[PDB]
Amino acid sequence: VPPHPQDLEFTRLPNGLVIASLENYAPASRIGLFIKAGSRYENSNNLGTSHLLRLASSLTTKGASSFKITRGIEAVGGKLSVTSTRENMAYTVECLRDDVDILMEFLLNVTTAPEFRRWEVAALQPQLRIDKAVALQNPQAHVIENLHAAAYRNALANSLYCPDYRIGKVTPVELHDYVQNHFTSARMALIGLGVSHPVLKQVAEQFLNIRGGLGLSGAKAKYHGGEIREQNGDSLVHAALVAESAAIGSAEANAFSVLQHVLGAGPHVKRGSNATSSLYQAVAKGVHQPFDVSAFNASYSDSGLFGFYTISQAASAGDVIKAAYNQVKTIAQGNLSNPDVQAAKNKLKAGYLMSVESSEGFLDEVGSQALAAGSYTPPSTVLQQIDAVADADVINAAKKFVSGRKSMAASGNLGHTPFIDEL
Amino acid sequence: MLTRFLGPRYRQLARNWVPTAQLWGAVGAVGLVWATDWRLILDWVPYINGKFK
Amino acid sequence: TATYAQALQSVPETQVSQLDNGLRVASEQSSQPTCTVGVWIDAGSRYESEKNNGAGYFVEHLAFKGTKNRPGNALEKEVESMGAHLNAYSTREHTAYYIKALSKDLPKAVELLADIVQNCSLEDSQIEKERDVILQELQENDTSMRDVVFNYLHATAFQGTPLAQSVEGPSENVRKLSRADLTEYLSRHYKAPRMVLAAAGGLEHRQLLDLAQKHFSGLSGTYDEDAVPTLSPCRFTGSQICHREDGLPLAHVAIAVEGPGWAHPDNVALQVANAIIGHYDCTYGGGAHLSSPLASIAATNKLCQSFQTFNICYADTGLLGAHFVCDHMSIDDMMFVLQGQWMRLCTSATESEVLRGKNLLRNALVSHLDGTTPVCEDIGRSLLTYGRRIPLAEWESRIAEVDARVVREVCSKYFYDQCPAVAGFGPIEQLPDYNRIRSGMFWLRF
Amino acid sequence: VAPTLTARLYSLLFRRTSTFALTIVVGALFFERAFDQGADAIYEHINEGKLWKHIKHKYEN
Amino acid sequence: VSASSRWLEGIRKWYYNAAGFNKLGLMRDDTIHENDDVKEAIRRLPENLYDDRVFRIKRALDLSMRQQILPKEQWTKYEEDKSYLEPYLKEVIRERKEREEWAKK
């Protein structure tokens, strides 16, 4: 006999800040401050500033020295983590119910009263290089960073990791400027889990009334296209082929999400043939041995990148890519079932529901929604939105991929990896 | 300015090391006694009465 | 607003029910539209012979490749089409097969699990394809220094016992295991009183029961009797295995004393002490200011790339200790500091740090039990090892009772002047000699 | 009264280096006396030439 | 404010002149004994002050070597004597003291 739940409470303040909270009667609490401050807001003169910032969450603040932040949070066994995407930065803090108050305070201090002391910032610079090396050991991270650099000329082109030439060069004044102009009320959302609406609303009215920065979601990402190639010798070639798709929130985005499942995202069975994966079976048919494929789908506030990603031996790259590309073409020409779209819809819905099963997944979805839409859309209506996607919408998205100017990134021994020209 | 070492943890520290500091002193004592043949202290021990009277 | 303490009481009691088999069926109903169903089995590798070793790992590979009612790839097609996820694991002591799916799909999910766990089609052509797959996996696992060291540590700590064996088996067994071998291992272990159907999410316990009788009725009933052995204890040894290899760039070291098994009440105090020592990694923010002295000294002096304490549990024994990764010239300092912390805790543990340990442990417990999947797993595993589901309120009570005195008494019992099992791999010229590691397990101050 | 014997010695006295030392020092004291008298008596028996003769000359003081 | 404060101020000025670091172009903070708190404050100084501080010490050690002294006009004047280190030292101490409070509980 589980307790009857609670509804999420949502509130836009007149200054643009959003507050959302759910009272799950959980032993622990989760508070996140979501901010529209991701790397897309960086420019040519300050690249990497949002990286160093992401790594600077425990430097001294007015009201809380570094030592305190660390000892204080660890004394109650909680967490402080900052997670970034090209669009947002999210400061999440976790602890048992009884301790929300002190964690909330450190959170506010990290996000609204950072001091960025010269010497503490100088000591932190080398962490960019350690942090970046660790991310870059996954071939995917280089690829996706180059994919974005190749696709856009602008903001979404920026990297999530500080460019090497900037390591050691980002200044305390640049961190201060980045905070003052992006960490403002109209660009922020305070989400809570295991707390109460009045408390979050009180906190937001007392401490989150900051405004004097920039305004909307961008300078506007100008999709451009092109390709970046990194010779490597890794035995395995990683490649990503993509085209401009649709901005998040729009009906077309859902069509792309359904297309992603028609083609194939991750696996569902441990060590499986991946029978329902269109891309996989299509490559497998003519390629014998080590390989992987998956559709890729990135959606942003004012743009989107959809296509596929392949991993294969250096000599099979061309074949794998060509087989994959042709498979999409097949759906663009109309060869798409109805039970296929149905299966894709089920894969997409089951997965989304699975994505918000836990506190971490739920909180991130609520926070991102607050930023992108300024709303909270219940799982029922998301399931409804997915259902509205027709077969022709999926066919149309495929058709958009096939004829749109492409973008591509690839790493490995590229001797048999095609150039777009050749696709 | 030795007020740095005054608090609950240091008080807990001191206690955890007492049985040990006490047993180290028993070692030091018997050790001193047996090594100089401390007449005064030894004569009370049952055996080890190798000084008759 | 509810307190932490009050929230522990609000967690719905896990419902346990038994079939006329020995199949226990347990569930924790929540309000989620998603769920996780699975079968936990008291089968591992600690149950295997020597010639046989790798048997279950081999079955795991065949498990999702065809049943008699669902051939070659038909099963995959069903799981994938409903958007579900099918996974599985196997340790030295436990095997699991679980489906993560939408709540409506519970009937089908149990039905599939049943088919997989009983009517498995170990078809010759497939068992033959799987030997190449597993050998490749062995080649892969060799590159993971960390996986290697824990297999080494097990192999030395548990020398001539079944616990010294790895889950996957030696290559010679992979290439020789027959269908007969597999079928026999299945017959011996995959039987009702040794399995638990577990679920978590939007399900009512009766549904689970109905499904358990509907699709699992047909095991142990007309079965059991003679040929069902228990588990023999495994002697812990206490020694060292050093695999010198200067070609690898960082050394991996794993050291541990013998811990008590799953059952023992004192795993809680050990987990508190371990928490105080904690873990570190070069990507942690907060270097110098970290509470844990090991972590702090490791960060400032740059004595490692990572370290983690652990408390591994088996039937009546376990490995309690730490593992670290570091540069060739830092192995000695790293050991000194590690050992220095164990003794400090054995003798001079203070109160404030014990509250931190307890607090880190309350957060870990609850943070982990978040989502249908970890909870379902928790139910299945618990019943296999505890016979009960231990509610959070009880774990809280057990944690709450730990004070400094307990830590220094419980750490003393396991660490103070005991022989460790040491496993090293990589550039280990500076791994201290065994006698010296042994002499760091006690202190002359004390 | 044999396996548990060296076990008790370890449990009650050898575990801590405190007791370990205290015991060998308490153990050095008694041992000195027992070895001294015990060895004097062995040196005493194999001889009987020195001050066993004392009973005569003295006493007349 | 009045007669008394000026008298304590002139006594301080008198000690200053008698102390004689001014004669070697030194500033008060250049004479501080280097313990850890201080070593850290020196570290935390900005580029300019740090460079000026080394030149002053060098100028003095050089003078001190040949046992000479600066012309009177180049002596540092009291209260034109910038205590550049103080704020840094103060904060380093404040930081240490907090560590110390935490170490008691």
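Using Swiss-Prot numbers, chain C covers 35-480, in order.
Method on record in the header is X-ray crystallography, 2.6 Å.
Heads up, the Cβ atoms here are built off N, Cα and C, so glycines get one too.
Copied over from Swiss-Prot:
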type    : residues : note
MOD_RES : C:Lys111 : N6-acetyllysine
MOD_RES : C:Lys138 : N6-acetyllysine
MOD_RES : C:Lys163 : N6-succinyllysine
MOD_RES : C:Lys163 : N6-acetyllysine
MOD_RES : C:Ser212 : phosphoserine
MOD_RES : C:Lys248 : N6-acetyllysine
When a 10 Å sphere is centred on the Cβ of C:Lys163 (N6-succinyllysine), how many other Cβ atoms does it contain? 14
Return the member of C:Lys111, C:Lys138, C:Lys163, C:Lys248 nearest to C:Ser212 (phosphoserine) in space, with distance defined Cα to Cα and candidates limited to these modified residues. C:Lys163
Taking only the modified residues C:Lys138, C:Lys163, C:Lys248, which one has a CA atom nearest to the CA atom of C:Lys111 (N6-acetyllysine)? C:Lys138
Quick one: pull the CA-CA distance for C:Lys248 (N6-acetyllysine) versus C:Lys138 (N6-acetyllysine), whole Å only. 17
When the modified residues C:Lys111, C:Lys138, C:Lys163, C:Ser212, C:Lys248 are screened for a C-beta under 8 angstroms from chain E, what remains is none
Would you identify which of the modified residues C:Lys111, C:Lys138, C:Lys248 has the most other C-beta atoms lying within 10 angstroms of its C-beta? C:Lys111
Using DSSP, would you call C:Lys138 (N6-acetyllysine) helix, strand or coil? coil
Taking the Cα atoms as reference points, how far is C:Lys163 (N6-succinyllysine) from C:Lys138 (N6-acetyllysine) in Å? 35
Members of the modified residues set C:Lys138, C:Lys163, C:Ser212, C:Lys248 whose C-beta sits under 8 angstroms from chain A: none
Take the Cβ of C:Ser212 (phosphoserine) and count every other Cβ within 10 Å, whichever protein chain it belongs to. 11
